[PDB]
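Listed next as structure tokens is one chain, alone, in the form deposited in one PDB entry.
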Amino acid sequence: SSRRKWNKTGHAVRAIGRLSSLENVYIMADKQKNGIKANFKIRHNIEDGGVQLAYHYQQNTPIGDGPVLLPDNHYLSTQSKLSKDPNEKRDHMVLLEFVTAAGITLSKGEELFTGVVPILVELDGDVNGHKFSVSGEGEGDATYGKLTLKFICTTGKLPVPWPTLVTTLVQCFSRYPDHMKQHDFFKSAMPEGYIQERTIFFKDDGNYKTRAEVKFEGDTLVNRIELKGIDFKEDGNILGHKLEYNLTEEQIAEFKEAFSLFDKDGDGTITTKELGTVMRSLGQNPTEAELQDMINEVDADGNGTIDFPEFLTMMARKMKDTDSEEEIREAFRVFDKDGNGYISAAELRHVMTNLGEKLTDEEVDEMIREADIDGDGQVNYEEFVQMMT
């Protein structure tokens, strides 16, 4: 009962804490500057416990004179994965990010982002008088809100933690859903680009002030940055390097490929028509209303289609092991078209061809080879589970 009073109070306090933490980037029009503002907080994990908050204040303004889109209030939701290159000796950061715009119910610059776009990033920094430089390269694919970059400190040892520079180191690569296209400032300013300025306040420590020019140089999207950091504590979490660094990337890549089977027109979203096409190809013929009911359950932004992050969340929504086992039993039954307990090379071929894969008979045979443990030329349920687990 005293225990119950503590728990109930504890839960209420913890609820406020969960409601209170949003790391989303909140964007508003700044009509006087013909651009936008944003504000957001980043929570950096401290090694062996604690969070280091970083309060961001952002403004963006067009470089060029052409008209730009000024948005209604909305936000960007980002998921970042930081990693290392095992064959890299230089101080470095490998980065994978997916960003999508949301927060709103229901340009010529956008044509520049229909496919994969090469990116170069250059940063010249000075933190408490420690000068440093970073260069990065990779690619953006705004269809999926996706960025893939590697960064190198070109001046030796980076004097601050890599995660503190992530937000500084191309919001033009955000995926803005179809109903929000008129609110995408960042692409509207292209190719001439925009200036992005921030102040980033590290609580109980110093701050960064940043100015960047984001624009096309040829077919490359370039982010050239100046950063000045002042007032940092020599044994704070930043100059003292006390911050933590970091689905796998392999896993996400598999899910993207799987997503691509549904997203027939490659626009980064699955429609009821696309889902129906795939289901019909495997012999199931739900009605339009049934297909919408299915999409609705996983359609977190309520725009009526499934984007890749929503697909990801569905496929990452962890299950009871016993549900996981039954889902694999069900998938086996889909592959085993005649129900005899064995997936044949003909059956495998049929499922892959219908989902939209193109494979030779020889490639289908190699798939059976990897799975076929007892050498009968087919894949039974035990062998299927081993392939899938």
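Shifts are known only where both forms have a C-alpha. Superpose the two forms; the largest set of C-alphas matching within 1.5 Å is the rigid core. From 1 onward, residues are counted along the sequence shown.
In what follows, reference is made to the form deposited in another entry, a form of this protein that is not presented.
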Exercise for review: Superpose on the rigid core, then report which one of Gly302, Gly156, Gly115, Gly240 has a CA displacement of at least 2 angstroms between the shown form and the other one.
Suggested key: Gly302
**Study point:** Core-aligned C-alpha movement of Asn24 between the shown form and the other one, 2 Å or more
**Key:** no
Review point. Comparing between the shown form and the other one on the rigid core: C-alpha of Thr269 shifted by 2 Å or more?
Key: yes
Review point. Taking the rigid core as reference, does the Cα of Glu47 move 2 Å or more between the shown form and the other one?
Key: no
**Study point:** Cα-Cα shift for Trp162 and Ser20, closer or farther in the other entry, minimum 3 Å
**Key:** farther
Review point. Any idea whether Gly276 and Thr143 get closer or farther by CA distance in the other entry, knowing it moves 3 angstroms or more?
Key: farther
Review point. Moving stretches between the shown form and the other one on a rigid-core fit: which runs of at least three residues all have C-alpha shifts of 2 Å or more?
Key: 8-23, 247-300, 302-354
